[PDB]
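Participant: Just the structure for this:
(10 chains)
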Amino acid sequence: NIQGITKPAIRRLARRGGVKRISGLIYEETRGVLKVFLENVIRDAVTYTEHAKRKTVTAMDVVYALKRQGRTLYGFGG
Amino acid sequence: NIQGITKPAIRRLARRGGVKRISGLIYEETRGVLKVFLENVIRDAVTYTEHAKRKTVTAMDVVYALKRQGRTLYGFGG
Amino acid sequence: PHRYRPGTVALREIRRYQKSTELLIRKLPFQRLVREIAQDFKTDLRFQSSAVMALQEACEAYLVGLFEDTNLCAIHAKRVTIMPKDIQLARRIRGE
Amino acid sequence: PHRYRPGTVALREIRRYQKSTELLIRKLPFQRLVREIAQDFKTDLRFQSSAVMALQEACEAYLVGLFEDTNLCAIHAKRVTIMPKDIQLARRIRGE
Amino acid sequence: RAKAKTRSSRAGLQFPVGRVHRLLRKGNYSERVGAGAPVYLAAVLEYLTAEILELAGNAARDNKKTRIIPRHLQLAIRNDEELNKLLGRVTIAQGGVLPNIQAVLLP
Amino acid sequence: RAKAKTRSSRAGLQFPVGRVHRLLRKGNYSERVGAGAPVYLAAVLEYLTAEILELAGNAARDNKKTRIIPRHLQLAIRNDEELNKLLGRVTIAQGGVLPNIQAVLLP
Amino acid sequence: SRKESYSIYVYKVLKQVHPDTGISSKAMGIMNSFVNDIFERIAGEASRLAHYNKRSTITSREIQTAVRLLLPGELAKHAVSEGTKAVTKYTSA
Amino acid sequence: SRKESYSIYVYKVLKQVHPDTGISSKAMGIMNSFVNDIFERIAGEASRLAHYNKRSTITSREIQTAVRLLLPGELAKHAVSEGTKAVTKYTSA
DNA sequence: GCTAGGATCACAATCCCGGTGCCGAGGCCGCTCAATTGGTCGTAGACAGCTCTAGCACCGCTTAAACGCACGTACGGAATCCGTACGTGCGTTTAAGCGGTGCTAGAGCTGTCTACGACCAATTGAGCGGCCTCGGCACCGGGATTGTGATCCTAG
DNA sequence: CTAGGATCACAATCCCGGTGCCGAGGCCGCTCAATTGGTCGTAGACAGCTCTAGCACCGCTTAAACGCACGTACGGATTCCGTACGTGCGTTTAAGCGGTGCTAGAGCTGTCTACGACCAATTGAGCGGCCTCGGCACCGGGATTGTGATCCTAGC
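Facilitator: Numbering: from 1, shown residues only, chains lettered A, B, ... in the order given. Here you go:
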């Protein structure tokens, strides 16, 4: 499913960052970086889930995981 | 007293950092950066001192100030 | 008959996406990716809709910030095109 | 008579300072700087010897780290000399 | 007895002094909480909240809008260097980014 | 009564379980502390200490030294990816840095 | 099940500063998160300050110092002014 | 005025792992700082975990989870093993 | 006869060994205070049971977005040349460092007291979830405006 | 035939009035936690004392900093090429939306027991103070390695 993050999507993300020109090799690097980030976050969120003896990951678990990784998110209950 | 941080000292610091060649304008920039950093740390340390109703800044105050800025220092009691 | 010079449409797109706020990654693909990744930690895992939305918000924000820093790195080398070496440098300096 | 080519002594100095651990800024000037800076916040302030030593130690570590990142930035632009633009970029990316 | 007068009203505040106090007592911060601490904290929170709402409302009016949305909050936060510093690491959901194009990229 | 047996000895640990328990009760972390928590925490601390000390002693022996100094701690910490990650934002006093020269600078 | 929020008080201060301006639900969630975050930062700093000085009670002094440590520049000055005024007014009922 | 430290226990462990190796006072200070820091991190995360789940007691489970959250990779696995073994032995006296 | 690659050399810096001596690591002592033991008892959470919500799975339909390809241009990268400005080195200067002496401020500790917060009971009103509704917003079509790329024109 | 300009054609954009909806914002009852008045004890405020460690000064001794000078090599400017990426069009696909069905599991309530807080009596683990001697830092002087260049040769 990582290929679902298509090149146009990455282009749009780069455009929001004010980037004008894109190399053909940027897409694979970005995909890898995103994968690593997501792995880290989901690992913390699942740990939180396991501690609460839940079987469904809640928005709170994600918010907390982001907070402890120094990426505090506003708008989802804390 | 900021001029007391002489050119050779800055050069030594750069050498420890693996720097081979240094431009002549690097010295004023480094001095400014160091001044800013020091100002921040000293500000926080003095705040800690004043809260304790003390007139001497202790090593612990400095350690705490560094710690809260995400620059934890080991070796001075915590 | 009319062809815009390379760069004009890029700048128009920059302005448009920097002015809007909706999410730019397709929802379903992202959801599938999230589920695929979570599978390695625990099986039969369920996800609140808001959990997926929060993940998407965080990932997009992070990536935008990274592209911004990458752009700054590229310009430093007297270039206007970003390449993987720029991302690597940005990440290295960031501590990642 | 004998003159080492530019670069040899630089590399020797790199090796020497990377092998040693003593503090590289002179103690007295640094102490005077610290006292001058603290004066603007509160008057008649006294300083423990260990407080000054800790401050100097920490400052030197910070500066070494910054020079390391600056060096990495320089190499990216196919240069071997660090200039203010490199420090500025490094600091910007670090968030400072 | 006398009519119940809230501690918020005694301090001339809109934030809930009694709830700020309860949250402090049950938040595992200390064994004991002074009487003035909740008042002070509530006042500080109120001031910050007033500031950010004033700036967000100003941004909304400049955009010919009468309701504050996340975009306006991003605009307010990132256009103020002190607030930006305070909220440097924070991500505002649906906030977007500030319009910024490097001069070197312009035609 | 029975001859006093330390909680550390019951768990086969060198770290002080009783001291870890006292520090937990007086550190304003929670209302109650389970009986197993100090034991677990002490064991974890002990393992980490053993690991770091082992790596530092190894570095010392490679240097033909018999006493561990901050340098050996720096070497041990920065040469292990996992320990470096744990201690990323930590400065070891009198540690120095790792010998690292960029390949492009070599003659 | 009641979930306590700062929504009412945010709406009240908003009516004081902008009588004709409303607020979306999303912004209301953002504001709640913001308030909770600032609370946690200030209270945690006050707790650390108490522990460092071998004190139990968190008093107005601990809060003031925490505010000075966290809020940058002019935000500290005005926040301190507000807190002091409120406390002074309150102690005299 | 006594000042409690980890000196005795860290020295014991060193003598167990390296019988013929000593340690300087400076390194001893480093170790003390290290222990205090990691004790704070793990206990603080356990406290936050307890609060999140509306629980008032810190048990071995909170410590274990904190250890997984803090220690990267293989560090966590071994630390968990060590903690579990210790708890098991303690419960059987 | 000219050149590249090499052998050979000078000599500077570094690594190594044995001797010197010092002051920090490490152990022993007395003792005190905080860790252990046995017991009482209250409430926090484990466990069981029940409800009802929202997350998952599926299907059809529309259409917007992704994809693949063609074309061209402008940008990265390699190459060349200039020149200045940083590096290496020798000489003069200066102030850091070290050792020593003297004074005193204030940090740390102790004793006493009181006022302040914890805790309780009684009670009442703030603000919570549920319900309703009407106007600010998102969207649409038709328009006026703007900017981009191309063209014809001018005095020169 | 020139460069700069004025003029043009067009697409993308910002603007306005009309539509209508679903959220925001106000009103309902009520309950549970915020408030009022009281007693009790201990944490912190305040005063006094000690002595430690910070500050201030002075005299030598170099080590390092400052300055100046010669030069090479590295930064930077300029030019050319080709290819890789931007732009645009036609095709395909699967995302988004709506609607339905189901059930797992989140969330809540009730019981009860374990096990965690607290106390009194006990005592030995850990503390600071004292002593020592050997691991280390420093020194001199050899062996070793590496940088820079000088001289030689085999082949062009």
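Participant: Stretch E:32-44 close to chain G?
Facilitator: Yes: residues of stretch E:32-44 contacting chain G under CB under 8 Å from any CB of the partner chain: E:32-34, E:36-37, E:39-44. The way it works is simple: take the backbone N, C-alpha and C, and place the C-beta from them, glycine included.
Participant: Show residues contacting that stretch.
Facilitator: With CB atoms under 8 Å, 6 or more residues apart in numbering or on different chains as the test, stretch E:32-44 has contacts from E:7-8, E:11, E:13, E:15-18, E:20-21, E:24-25, G:39, G:42-43, G:46, G:56-60, G:62-64, G:67, G:79, G:82-83, G:85-87, G:90-91.
Participant: now do 7 Å
Facilitator: Residues outside stretch E:32-44 that contact it (CB atoms under 7 Å, 6 or more residues apart in numbering or on different chains): E:11, E:13, E:15, E:17, E:20-21, E:24-25, G:42, G:56-60, G:63-64, G:67, G:79, G:82-83, G:86-87, G:90.
Participant: With stretch G:7-25 instead?
Facilitator: Stretch G:7-25 is contacted from outside by E:14-16, E:46, E:49-50, E:53-54, E:57, E:60, E:66-69, G:28, G:31-32, using CB under 7 Å, 6+ apart.
Participant: And it, what's buried?
Facilitator: For stretch G:7-25, the buried set under the neighbour-count rule, 16 or more other CB atoms under 10 Å in any protein chain shown, comprises G:9-10, G:13-14, G:18, G:21, G:23.
Participant: returning to what we had before: pull out the buried members of the contacts of stretch E:32-44.
Facilitator: Using 16+ other CB under 10 Å, the buried ones in those are E:11, E:13, E:15, E:17, E:20-21, E:24, G:42, G:58-60, G:63-64, G:67, G:79, G:82-83, G:86-87, G:90.
Participant: Keep only those of these that are in helices.
Facilitator: Here DSSP state H is the test, and the buried ones among the contacts of stretch E:32-44 give E:11, E:17, E:20-21, E:24, G:42, G:60, G:63-64, G:67, G:79, G:82-83, G:86-87, G:90 as lying in helices.
Participant: and residue E:107, what is it in contact with?
Facilitator: Residue E:107 makes contacts with residue C:7, as judged by CB under 7 Å, 6+ apart.
Participant: separation between it and residue C:15?
Facilitator: Here residue E:107 is placed at a distance of 13 Å from residue C:15 (CB to CB, to the nearest Å).
Participant: Contact distance from DNA strand J - what residues of chain E qualify?
Facilitator: Within reach of DNA strand J by CB under 7 Å from any atom of the strand, chain E has these residues: E:1-2, E:4-8, E:16-19, E:21-22, E:32, E:67.
Participant: And for the closest residue to residue A:75 other than its chain neighbours, the neighbour number?
Facilitator: Excluding the flanking residues, the one nearest residue A:75 by CB to CB, 6 or more residues apart in numbering or on different chains is residue E:93, at 3.1 Å. A count of neighbours around residue E:93, defined by other CB atoms under 10 Å in any protein chain shown, yields 22.
Participant: can you check residue E:78 too?
Facilitator: Residue E:78 sits with 17 neighbouring residues when counted by other CB under 10 Å.
Participant: Is the closest residue to it other than its chain neighbours in a helix, a strand, or coil?
Facilitator: Once flanking residues are discounted, residue E:78 sits nearest to residue E:98: 5.0 Å by CB to CB, 6+ apart. Of the three states, residue E:98 takes coil according to DSSP: H, G, I helix; E, B strand; the rest coil.
Participant: How many residues are close by residue E:98?
Facilitator: For residue E:98, the neighbour count with other CB under 10 Å is 13.
Participant: what separates it from residue F:100, distance-wise?
Facilitator: Relative to residue F:100, residue E:98 is positioned 37 Å away (criterion: CB to CB).
Participant: for residue A:38, same thing?
Facilitator: Distance of residue A:38 to residue F:100, computed by CB to CB: 31 Å.
Participant: Neighbour count for the two, which is higher?
Facilitator: Neighbour count, other CB under 10 Å: between residue A:38 and residue F:100, residue A:38 has more, with 21 against 12.
Participant: The more buried one reaches residue C:36, doesn't it?
Facilitator: No: using CB atoms under 7 Å, residue A:38 is not in contact with residue C:36; the gap is 9.7 Å.
Participant: and the nearest residue to residue E:28 once chain neighbours are set aside, helix, strand or coil?
Facilitator: Distance criterion CB to CB, 6+ apart; nearest residue to residue E:28, sequence neighbours excluded, is residue F:30 at 5.6 Å. Recorded secondary structure, residue F:30: coil (three-state DSSP).
Participant: where exactly do the helices run in chain C?
Facilitator: So, for chain C - with DSSP H - the helices run C:8-19, C:27-38, C:49-76, C:84-94.
Participant: Highest mean neighbour count out of the ones you listed?
Facilitator: Comparing those by mean neighbour count (mean count of other CB atoms under 10 Å in any protein chain shown), helix C:49-76 ranks first with a mean of 21.
Participant: quick one: that one to helix D:49-76, angle?
Facilitator: For helix C:49-76 against helix D:49-76, the angle by axes from the mean of the first three to the mean of the last three CA atoms, to 10 degrees is 70 degrees.
Participant: is helix C:49-76 anywhere near DNA strand I?
Facilitator: Yes: using CB under 7 Å from any atom of the strand, we find that helix C:49-76 touches DNA strand I at C:49-50.
Participant: next one: that helix to chain centre, how far?
Facilitator: Per CA atoms, centre = their mean, to the nearest Å, the displacement of helix C:49-76 from the mean C-alpha position of its chain is 5 Å.
Participant: which non-adjacent residue is nearest residue 52?
Facilitator: Since no chain was named, I'll use chain A. Closest residue to residue A:52 apart from its sequence neighbours, by CB to CB, 6+ apart: residue H:53 at 5.6 Å.
Participant: my bad, the chain I had in mind was chain G
Facilitator: Excluding its sequence neighbours, the residue lying closest to residue G:52 (CB to CB, 6+ apart) is residue B:64, at 6.8 Å.
Participant: relative to helix D:49-76, how tilted is the helix or strand containing the one you found?
Facilitator: Element membership for residue B:64 (DSSP states H and E) is helix B:59-68. Relative orientation of helix B:59-68 and helix D:49-76, computed by the same axes, to 10 degrees: 30 degrees.
Participant: by contact count, what packs against helix B:59-68?
Facilitator: Here helix B:59-68 touches helix B:26-51, strand B:72-74, helix D:49-76, going by 3 or more CB pairs under 7 Å, 6 or more residues apart in numbering or on different chains; DSSP states H and E.
Participant: Whether the shortest one contacts chain A - can you check?
Facilitator: Read that as strand B:72-74. No: residues of strand B:72-74 contacting chain A under CB under 7 Å from any CB of the partner chain: none, with a closest distance of 14.4 Å.
Participant: Quick check: neighbours of that strand in the sheet, parallel or antiparallel?
Facilitator: Strand B:72-74 has the following sheet partners, assigned by DSSP bridges: strand F:90-92 (parallel).
Participant: Check the offset of the partner strand from the chain's centre.
Facilitator: Centre-to-centre, strand F:90-92 and its host chain are 13 Å apart (CA atoms, centre = their mean).
Participant: and for it, what are the contacting residues?
Facilitator: Applying CB under 7 Å, 6+ apart, the contact partners of strand F:90-92 are B:71-74, D:58, D:61, F:70, F:73-74, F:77, H:30.
Participant: Neighbours of residue 37, how many?
Facilitator: You didn't say which chain, so I picked chain A. Using other CB under 10 Å, residue A:37 has 19 other residues around it.
Participant: Switch to chain G, please.
Facilitator: Neighbours of residue G:37 under the rule other CB under 10 Å: 16.
Participant: And it, how far from residue G:30?
Facilitator: 11 Å.
Participant: count of neighbours near whichever residue of chain E sits closest to chain H?
Facilitator: Closest to chain H within chain E is residue E:28: 6.3 Å, counting by CB to the nearest CB. By other CB under 10 Å, 19 other residues sit near residue E:28.
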